[PDB]
Amino acid sequence: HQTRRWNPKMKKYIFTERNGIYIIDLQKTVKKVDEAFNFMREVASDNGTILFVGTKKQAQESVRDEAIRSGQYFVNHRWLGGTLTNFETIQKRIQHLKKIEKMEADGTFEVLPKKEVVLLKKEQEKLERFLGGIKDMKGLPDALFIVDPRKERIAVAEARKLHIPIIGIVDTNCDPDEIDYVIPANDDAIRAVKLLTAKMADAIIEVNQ
RNA sequence: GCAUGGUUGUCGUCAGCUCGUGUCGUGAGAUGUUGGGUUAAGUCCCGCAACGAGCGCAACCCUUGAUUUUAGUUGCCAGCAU
Ligand SMILES: [Mg+2]
Ligand SMILES: [Mg+2]
Ligand SMILES: [Mg+2]
Ligand SMILES: [Mg+2]
Ligand SMILES: [Mg+2]
Ligand SMILES: [Mg+2]
Ligand SMILES: [Mg+2]
Ligand SMILES: [Mg+2]
């Protein structure tokens with residue numbers, strides 16, 4: 001971002017300074033994204049999965065579209081804590097979701113009273129909003145993808161405690177050590193996030209097809 | 001009855017009391033149960049390192065307040081006589 005709120009642990013990746021903000025060197029970025037494409041290719045063809053975490057709005061739409069295109073698993077709304085550690089409780093909740101959806105779609109669509117609208121629809125809508133792509137996550141994600149690491153501390157902490165690789169774009173205002181494998185990019189403009197996430201999904205598809 | 005098994009005034013019908021899996025602390029512990037609204041209420045919504053849950057609050061309960069069907073003596077009298 002600006003030259004005030006920045007992390008000195010990323011002075012390697014800054015290059016000169018325009019009037020107002022820092023300027024990121026691009027050659028390091030192209031080397032990093034080539035390496036990231038290679039690693040995503042190495043990891044995708046394993047009958048596993050790759051998780052997408054859309055913290056900010058740009059990330060929201062971008063990761064939703066890219067995951068749907070690639071058929072992967074993603075989280076889009078607020079990341080409720082404990083998905084990668086309380087996975088028992090999360091899977092209980094998603095089993096609840098599947099059962100209620102099945103019964104509402106098949107059985108009767110009318111239990112007994114006029115009490116479906118008051119709670120039994122609003123809570124289902126809210127839970128479907130929060131969970132989203134977890135309804136298909138069979139096991140444990142192999143490599144998270146985060147747009148803004150400093151705006152998603154809970155997810156990176158939960159992944160690092162379970163010790164699974166992390167890939168993500170680190171702006172100048174983040175510490176590039178919590179994420180084990182980094183690409184320096186601006187996570188504030190909708191254009192760049194789309195390009196990077198689409199490249200990651202394309203690499204996954206090309207390797208795993 | 002201060003060695004124990006089976007109960008009556010008041011705050012006051014006042015809204016509180018906690019567990020599981022998780023995280024944060026060396027530890028006692030904390031979070032959830034804090035914040036902004038809102039309610040008669042921890043009743044509910046949104047954010048939120050937390051996701052659910054049990055006793056409570058609520059509903060199921062009684063009576064009262066309207067109407068339909070079923071049923072007419074000891075109840076009632078409209079049409080009838082008396
Ligand atoms: Mg940024
Ligand atoms: Mg004693
Ligand atoms: Mg007593
Ligand atoms: Mg008394
Ligand atoms: Mg008192
Ligand atoms: Mg500890
Ligand atoms: Mg309390
Ligand atoms: Mg409150």
# chains A, B, ... in the order shown; residues from 1 in each chain; ligands from 1
$ select_by_dssp --residues "region 124-183 of chain A" --states "strand (DSSP E)" --output "VMD selection string"
chain A and resid 144 to 146 166 to 170 181 to 183
$ residues_near_ligand --ligand "ligand 4" --cutoff "12 Å" --atoms "only C-alpha atoms (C1' of nucleotides) and all ligand atoms" --output "number ranges by chain"
B: 8-10
$ write_last_selection --atoms "C-alpha atoms (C1' of nucleotides)" --output "PDB file, in the first residue's frame"
ATOM      1  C1'   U B   8     -43.992 -23.329  53.875  1.00  0.00           C
ATOM      2  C1'   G B   9     -41.811 -15.454  54.116  1.00  0.00           C
ATOM      3  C1'   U B  10     -38.065 -11.779  50.445  1.00  0.00           C
TER       4        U B  10
END
$ residues_near_ligand --ligand "ligand 2" --cutoff "12 Å" --atoms "only C-alpha atoms (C1' of nucleotides) and all ligand atoms" --output "list in words"
residues 1, 2, 3 and 4 of chain B
$ write_last_selection --atoms "C-alpha atoms (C1' of nucleotides)" --output "PDB file, in the first residue's frame"
ATOM      1  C1'   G B   1     -32.115 -32.304  61.188  1.00  0.00           C
ATOM      2  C1'   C B   2     -24.632 -30.017  62.075  1.00  0.00           C
ATOM      3  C1'   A B   3     -24.352 -38.136  60.793  1.00  0.00           C
ATOM      4  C1'   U B   4     -28.809 -38.843  56.473  1.00  0.00           C
TER       5        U B   4
END
$ residues_around --residues "region 161-174 of chain A" --least-positions-apart "5" --cutoff "7 Å" --atoms "only C-alpha atoms (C1' of nucleotides)" --output "list in words"
residues 1, 5, 6, 7, 10, 142, 143, 144, 145, 146, 147, 148, 149, 150, 179, 180, 181, 182, 183, 184, 185, 186 and 187 of chain A
$ write_last_selection --atoms "N, CA and C atoms" --output "PDB file, in the first residue's frame"
ATOM      1  N   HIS A   1       0.824  -1.200   0.000  1.00  0.00           N
ATOM      2  CA  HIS A   1       0.000   0.000   0.000  1.00  0.00           C
ATOM      3  C   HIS A   1       0.865   1.260   0.000  1.00  0.00           C
ATOM      4  N   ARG A   5       2.339   2.257   6.273  1.00  0.00           N
ATOM      5  CA  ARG A   5       1.924   0.969   6.828  1.00  0.00           C
ATOM      6  C   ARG A   5       2.464  -0.144   5.938  1.00  0.00           C
ATOM      7  N   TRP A   6       3.677  -0.587   6.251  1.00  0.00           N
ATOM      8  CA  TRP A   6       4.350  -1.578   5.431  1.00  0.00           C
ATOM      9  C   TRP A   6       5.225  -2.435   6.329  1.00  0.00           C
ATOM     10  N   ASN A   7       5.636  -3.582   5.804  1.00  0.00           N
ATOM     11  CA  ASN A   7       6.398  -4.543   6.580  1.00  0.00           C
ATOM     12  C   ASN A   7       7.847  -4.525   6.133  1.00  0.00           C
ATOM     13  N   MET A  10       9.795  -7.210   3.952  1.00  0.00           N
ATOM     14  CA  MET A  10       9.551  -7.345   2.525  1.00  0.00           C
ATOM     15  C   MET A  10      10.241  -6.201   1.789  1.00  0.00           C
ATOM     16  N   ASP A 142      -5.263 -29.515   0.904  1.00  0.00           N
ATOM     17  CA  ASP A 142      -3.836 -29.747   0.740  1.00  0.00           C
ATOM     18  C   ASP A 142      -3.030 -28.465   0.619  1.00  0.00           C
ATOM     19  N   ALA A 143      -3.629 -27.385   0.125  1.00  0.00           N
ATOM     20  CA  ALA A 143      -2.901 -26.128  -0.017  1.00  0.00           C
ATOM     21  C   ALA A 143      -3.909 -24.992  -0.094  1.00  0.00           C
ATOM     22  N   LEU A 144      -3.944 -24.158   0.938  1.00  0.00           N
ATOM     23  CA  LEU A 144      -4.833 -23.010   0.941  1.00  0.00           C
ATOM     24  C   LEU A 144      -4.327 -21.939  -0.012  1.00  0.00           C
ATOM     25  N   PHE A 145      -5.257 -21.134  -0.519  1.00  0.00           N
ATOM     26  CA  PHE A 145      -4.934 -19.963  -1.323  1.00  0.00           C
ATOM     27  C   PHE A 145      -5.629 -18.762  -0.705  1.00  0.00           C
ATOM     28  N   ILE A 146      -4.854 -17.734  -0.374  1.00  0.00           N
ATOM     29  CA  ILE A 146      -5.354 -16.544   0.299  1.00  0.00           C
ATOM     30  C   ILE A 146      -5.003 -15.325  -0.538  1.00  0.00           C
ATOM     31  N   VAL A 147      -5.960 -14.409  -0.676  1.00  0.00           N
ATOM     32  CA  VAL A 147      -5.710 -13.179  -1.419  1.00  0.00           C
ATOM     33  C   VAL A 147      -4.921 -12.188  -0.572  1.00  0.00           C
ATOM     34  N   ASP A 148      -5.456 -11.825   0.592  1.00  0.00           N
ATOM     35  CA  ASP A 148      -4.800 -10.878   1.489  1.00  0.00           C
ATOM     36  C   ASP A 148      -4.422 -11.584   2.781  1.00  0.00           C
ATOM     37  N   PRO A 149      -3.168 -12.002   2.948  1.00  0.00           N
ATOM     38  CA  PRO A 149      -2.807 -12.771   4.149  1.00  0.00           C
ATOM     39  C   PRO A 149      -3.026 -12.027   5.453  1.00  0.00           C
ATOM     40  N   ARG A 150      -2.815 -10.710   5.484  1.00  0.00           N
ATOM     41  CA  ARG A 150      -2.968  -9.971   6.732  1.00  0.00           C
ATOM     42  C   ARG A 150      -4.425  -9.709   7.084  1.00  0.00           C
ATOM     43  N   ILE A 179       3.045 -17.376   5.591  1.00  0.00           N
ATOM     44  CA  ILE A 179       2.765 -18.099   4.357  1.00  0.00           C
ATOM     45  C   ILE A 179       4.078 -18.659   3.831  1.00  0.00           C
ATOM     46  N   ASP A 180       4.107 -19.966   3.589  1.00  0.00           N
ATOM     47  CA  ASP A 180       5.366 -20.661   3.369  1.00  0.00           C
ATOM     48  C   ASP A 180       5.901 -20.516   1.954  1.00  0.00           C
ATOM     49  N   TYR A 181       5.163 -19.876   1.052  1.00  0.00           N
ATOM     50  CA  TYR A 181       5.528 -19.938  -0.357  1.00  0.00           C
ATOM     51  C   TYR A 181       4.753 -18.817  -1.037  1.00  0.00           C
ATOM     52  N   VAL A 182       5.447 -17.766  -1.465  1.00  0.00           N
ATOM     53  CA  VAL A 182       4.826 -16.454  -1.614  1.00  0.00           C
ATOM     54  C   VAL A 182       4.988 -15.922  -3.031  1.00  0.00           C
ATOM     55  N   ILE A 183       4.050 -15.063  -3.429  1.00  0.00           N
ATOM     56  CA  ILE A 183       4.158 -14.267  -4.650  1.00  0.00           C
ATOM     57  C   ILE A 183       3.797 -12.819  -4.324  1.00  0.00           C
ATOM     58  N   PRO A 184       4.674 -11.853  -4.605  1.00  0.00           N
ATOM     59  CA  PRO A 184       4.389 -10.452  -4.252  1.00  0.00           C
ATOM     60  C   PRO A 184       3.446  -9.808  -5.259  1.00  0.00           C
ATOM     61  N   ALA A 185       2.240  -9.469  -4.809  1.00  0.00           N
ATOM     62  CA  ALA A 185       1.247  -8.868  -5.687  1.00  0.00           C
ATOM     63  C   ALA A 185       0.327  -7.961  -4.883  1.00  0.00           C
ATOM     64  N   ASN A 186      -0.355  -7.067  -5.596  1.00  0.00           N
ATOM     65  CA  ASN A 186      -1.260  -6.098  -4.987  1.00  0.00           C
ATOM     66  C   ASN A 186      -2.639  -6.732  -4.837  1.00  0.00           C
ATOM     67  N   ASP A 187      -3.049  -6.975  -3.597  1.00  0.00           N
ATOM     68  CA  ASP A 187      -4.366  -7.543  -3.311  1.00  0.00           C
ATOM     69  C   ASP A 187      -5.397  -6.459  -3.013  1.00  0.00           C
TER      70      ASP A 187
END
$ closest_residue --among "A:153, A:90, A:188, A:176" --to "chain B" --atoms "only C-alpha atoms (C1' of nucleotides)"
A:90
$ residues_near_ligand --ligand "ligand 5" --cutoff "10 Å" --atoms "only C-alpha atoms (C1' of nucleotides) and all ligand atoms" --output "PyMOL selection string"
chain B and resi 10-12+14
